[PDB]
Amino acid sequence: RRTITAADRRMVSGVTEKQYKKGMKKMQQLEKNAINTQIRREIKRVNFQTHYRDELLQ
Amino acid sequence: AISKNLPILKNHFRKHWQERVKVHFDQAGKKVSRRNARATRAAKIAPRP
Amino acid sequence: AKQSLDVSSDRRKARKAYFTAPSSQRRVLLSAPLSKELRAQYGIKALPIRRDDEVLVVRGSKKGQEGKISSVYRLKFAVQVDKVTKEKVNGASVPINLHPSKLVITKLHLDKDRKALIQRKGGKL
Amino acid sequence: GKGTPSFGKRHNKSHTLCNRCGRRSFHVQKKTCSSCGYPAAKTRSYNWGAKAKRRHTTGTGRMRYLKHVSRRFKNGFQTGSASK
Amino acid sequence: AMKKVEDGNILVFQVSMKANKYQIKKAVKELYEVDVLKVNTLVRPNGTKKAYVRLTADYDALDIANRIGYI
Amino acid sequence: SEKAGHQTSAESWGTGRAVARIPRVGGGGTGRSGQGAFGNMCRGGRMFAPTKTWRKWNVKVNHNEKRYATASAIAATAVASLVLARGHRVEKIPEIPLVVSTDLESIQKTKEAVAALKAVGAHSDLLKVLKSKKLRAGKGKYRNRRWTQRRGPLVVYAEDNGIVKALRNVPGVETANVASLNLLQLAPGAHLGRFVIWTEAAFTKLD
Amino acid sequence: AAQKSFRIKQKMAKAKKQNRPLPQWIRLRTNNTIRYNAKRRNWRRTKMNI
Amino acid sequence: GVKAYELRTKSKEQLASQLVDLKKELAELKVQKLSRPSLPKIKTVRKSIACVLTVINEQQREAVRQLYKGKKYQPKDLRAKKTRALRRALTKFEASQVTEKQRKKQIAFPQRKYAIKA
RNA sequence: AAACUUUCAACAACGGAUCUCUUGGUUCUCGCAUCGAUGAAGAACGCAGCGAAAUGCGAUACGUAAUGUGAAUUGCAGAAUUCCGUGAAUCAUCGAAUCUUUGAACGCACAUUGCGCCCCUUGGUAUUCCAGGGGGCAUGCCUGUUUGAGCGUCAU
RNA sequence: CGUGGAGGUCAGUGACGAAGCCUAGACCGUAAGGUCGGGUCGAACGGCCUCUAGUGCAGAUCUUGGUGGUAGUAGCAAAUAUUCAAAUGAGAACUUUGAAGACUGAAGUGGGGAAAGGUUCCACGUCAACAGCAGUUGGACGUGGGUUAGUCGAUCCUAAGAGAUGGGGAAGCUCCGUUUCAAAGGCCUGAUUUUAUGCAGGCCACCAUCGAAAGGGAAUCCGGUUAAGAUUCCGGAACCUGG
RNA sequence: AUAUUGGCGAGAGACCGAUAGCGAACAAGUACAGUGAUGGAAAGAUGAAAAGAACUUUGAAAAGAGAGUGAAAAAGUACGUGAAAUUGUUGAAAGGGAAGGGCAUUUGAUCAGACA
Ligand SMILES: [Zn+2]
């Protein structure tokens, strides 16, 4: 006897599985849209080592 | 420096004078406070000066 | 104009006080005028709006339509009217989010604690 | 190597959680939080850590009791049943 | 857990974290009117506590689980 | 704020690299690490010569210059060429140093005051005001200066009984005593000329 | 580790109950500005230092 | 539901029984919440329990008050919680004390009130 | 001659400036004086019919009581004329309560959900062992009480 | 000349479309710049007299943001090695099963554990992103389940050491010191329960506390069982401590 | 009488107007880094109202095309307008180891005013 599933809880509380799938995919889209910006605005000042030793004298 | 024919002028701003500045914007905002205080006191002591 | 010192002429403060008003102050912002018959009968001009009040619309695309209130959505500052709806593309219907200032009360959901309000405001039965 | 090889050996802590500020500052060999010296009764707060005071001073929490004091003063620190 | 009710005479409960295997014994004795011989507690990883109580023979757990209303 | 642009802890890295010598944030794991700071050029930085409060806002003027100007601005009210040239509609006025009766000082209703001013011919200069209500331009209309009107006449009493409250509400019209007369009412925008409506008591006290 | 303490198992449980997405019914409310869960965490990317 | 102004008319043992016959209900509804997706009836029971316990405690506190009337020292829980400073500060009587010299001076030469005109 | 390269325009793209807006900031002024051993500030954990946060709250857990207004909440479900009423509400006010583990932090201790002692009570054959429940056990200092120490010292 | 705001004024323009933007389309001025038409767009904006300033950029190895040629290029080459058929699937060099060939070769590419990590374990569904190729797979996405102890460990002991008290220093944050220069404490009867201890009643001067999941240490083994737990559950047979 | 960048409540500004103004207009002392002290961001706007694209059809699906809502999808949650760098398609033109620019005119395009 299992008269409950998470799909059934969210069905009772509004969202259908179609709404769930679509809204999930949008929330996945936005995370990547932001990760793009964090990888974009970082490559400049990420290789700015404080104490590089430069293995070249002779 | 010393550049031209100008007066020797003594100006005491070698300390951190910018902290110890007081601009009196309160002049009129507190003139009225004094007036109100006089007016209140005068009713507390209603016949007395 | 204003002559006190405890009331503000500040756009910022006023709009904040609107869009963060509680549900108990919003009751009075969501007020509506009475029809010219109830102005003559009850002796007042306006009242706060309440469910189960009949109403008429005077301004909008749905002008002339009359109904009665089904829900005062005093989070959207709105009010919904029976016999005033719109058919969504699905075939279904969704009601219209009116605003009370563009309404006119024709019949009143009278009750104790509204007869009293009318009485204190200088009204009649 | 002083870098990449010698960063493999970093597997034993020196700081643990403090009971007073909840963050990993409780030193274990000397038993003294580096953000609010826990066995000491006084919280660390230096006037040069003017940003650090913002992060840990009043307002930054719930203010369980304190935020009703201004309400209770406005009314006169009063008592008893309200009214009818 | 609904296997261990039929296989053994074992009931699985969720209990407060401040409970100590004696309180549980006496609570079961009080609420469900049974006898207990063994309690095994663990702390789940969601910060709750789980209690496997084993009832004496002369007490079947299915009867008690139906009487409670969860089989 | 005096602490703007200085809440940051930053120091230059120096010569030896391919970047400038501007102060730069240190640390990692966020976008600010490496960013420039403390300068006028820098985003997040301060400004050039931050504006202080010990600037001269209010200015002293000599009492006799003030009075010279007030008398000139009073004398200009009697000149119709300046009044007309300043934006006042007084083409249908009998006599310009307009002197109405002192019973205007006893009026207590706006409904009556406005009728009086219409009778003595200010109707056009009130229409001018309430037809000129245009919206402000710029970032001053979310700073409590949304509207702009034109100025109206200036009623100059000597002993107020309700006129200053009656005309309190009508747009444009101001109200003054013969004493306590204001250059910012007589010469607005430094523009000489103003339609003034005197009472006979005021006119007699002006001597 | 395995031989751990309750003070840490507590804080791991909290992080387990926090490691979920956002409920889709939050996005349907009226004056909503929450698009996603911006405080998410997984063991690969960000270690919680405890 | 359950209501305070109905419960105040009830006694200690009745309320103690109402608690139990509510907690049983809550224990049942916490089972039904498993085999069903939503149970909002549960909230009324939680708030009912609270409304019961509140009344019980308030009765018991009033009892100890009536026990400690007139007795000079009553418990800290029952004493008024003004601020620490206002509990440490001086009493209205202790502060309005005077030396005999000063009260004699006050009764002899008080601040008369007066005015300036013939 | 095409392709290619370059210049301009149209349309579409990358990107998010400008324009308009602004429940925010900053500065000035006015008034007020209100933390804590009656256990503060801060922290940890937890709580919702469906919430990870923020906000609120504490096992009475997005809250109970009281007072006021007087019919909502609303994303969904679920309740409902209880709506001419002791009365809805993520309302307002707030004077009664609760207020987990903590923390100046107070039995000892704490990288431990570690180890005790006292009183009352319940159960187990039980002043002695075990368990449960309730209430207590810090230090310095003051006033007073009680018991004492000292050929310091008086009298008999 | 131009810019952001302020005071006046044109009873100024404007949803019949303000501002902004584009325009090898026009006009004016030496020029700064202004003006017009068209397209786009959608709500406020200008001219004149004056005031005021956070007022005009090609640069500063300027700051922030974004973007290019390089360039579909360098390159994705350590760790002996992959192949056939079928199934699933929209789709298979890479998934699964079977068949073959091979490797690690017991100081292992095995089986388990300490630190540390934190649910990565297991199942169902799923592949937008990640797995620098791919992907029907996955330590990924989503939803859930899952860790059972009288005997294993902590807990207890002390080590190197840390650290209160009494005290002494110190402007003070606090430092020394851990038995010191302290009035530092509890255990059994006649009294046979008045349990008070009048006597009894003697017995060192010891004198916090923390400090090891590898040291010291009270006690357990077999078999079976799960999707994922077991010296922990089930069956059976035993042991220790305290009463 | 005096002081007051803190706290509580209020009123205002020739101030800033989202690279500005507090670091923070938004779940900001947040995410994140670091053993730790400490450091410390970015991120606002659909539309009046979700009416947030029913239904058909190609595709394994995302999606596309129609249809529809709307005042307007030249507003489709990657949404106010939507610049430039940079890029694609179309059109015009040119081009023997650079291109661009000044004076002068031809040729092509385009504008003109029409003195109508
Ligand atoms: Zn701490």
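Residues numbered from 1 in each chain as written, not as in the entry; some residues may be left out. Chains lettered and ligands numbered in written order. Part of a larger assembly, values for the part shown. Heavy atoms only, no water. Residues with missing side-chain atoms left out of burial classes, pairs and counts.

- Going by the header, the method for this PDB entry is cryo-EM, and the resolution given is 3.1 Å.

## Quick look at the arrangement of the chains
Turning to step 1, where the next piece is worked out: Among the 13 pairs of chains that make contact, the interface with the largest number of contacts is formed by chains A and G.
Turning to step 2, where the next piece is worked out: Considering only C-alpha positions, the minimal separation of the non-contacting chain B and chain E is 54 Å. (Contact = heavy atoms within 4.5 Å.)

## Observations regarding the environment of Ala 75 of chain F
Turning to step 1, where the next piece is worked out: By the element assignment, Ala 75 of chain F lies in helix α1 (residues 63-75).
Turning to step 2, where the next piece is worked out: The partly exposed category is assigned to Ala 75 of chain F, whose relative accessible area is 46%. (Helix = DSSP H or I, 4+ residues; strand = E, 2+ residues; numbered from the N terminus. Buried < 20%, exposed > 50% of the residue type's maximum accessible area, 1.4 Å probe, protein only.)

## Points about the sheet that holds strand β6 (residues 154-157) of chain F
All names here are of chain F.
Turning to step 1, where the next piece is worked out: Read from one edge to the other, the open sheet built from four strands follows the order β3-β8-β6-β7, with strand pairing classed as parallel. Edge positions in the open sheet fall to β3 (98-100) and β7 (174-177), since each of these has one partner strand only. Strand-to-strand twist in this sheet, taken as the mean axis angle between neighbours without regard to direction, amounts to 30°.
Turning to step 2, where the next piece is worked out: With four bridges joining them, β6 and β7 adopt parallel strand pairing. Bridge pairing links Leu 154 to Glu 174 in β7. (Pairing = 2+ DSSP bridges. Axes fitted to C-alpha atoms, helices over the stretch in contact; angles between N-to-C directions.)

## Observations concerning the pairing of strand β2 (residues 24-27) of chain D
Turning to step 1, where the next piece is worked out: Bridging between strand β1 (residues 15-17) of chain D and β2 of chain D involves three bridges; their strand directions are antiparallel. Looking across to β2 of chain D, one finds that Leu 17 of chain D is bridged to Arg 24 of chain D.

## With respect to the protein's contact with RNA strand J
Turning to step 1, where the next piece is worked out: The environment of RNA strand J is made up of 71 residues, and the closest members are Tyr 20 of chain A, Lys 4 of chain E, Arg 89 of chain F together with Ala 1 and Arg 41 of chain G.
Turning to step 2, where the next piece is worked out: Close to the protein, within 4 Å, the atoms of RNA strand J are drawn from sugar and phosphate at a rate of 62%.
Turning to step 3, where the next piece is worked out: In the model, a base oxygen of RNA strand J is placed 3.2 Å from a nitrogen or oxygen of the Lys 16 of chain G side chain.
Turning to step 4, where the next piece is worked out: Of all elements in the fold, only α1 (6-12) and α2 (17-40) of chain A, β2 (36-43) and β3 (49-55) of chain E, α4 (123-130) and β4 (134-135) of chain F together with α1 (6-18) of chain G reach the threshold of two or more residues within the surface near RNA strand J.
Turning to step 5, where the next piece is worked out: Per-class residue counts for the surface near RNA strand J are 22 nonpolar, 16 polar and 33 charged. (Near = heavy atom within 4 Å. Polar contact = N/O pair within 3.5 Å; in protein donor to acceptor, adjacent residues only side chain to side chain. Nonpolar A, V, L, I, M, F, W, Y, C, P; charged D, E, K, R; others polar.)

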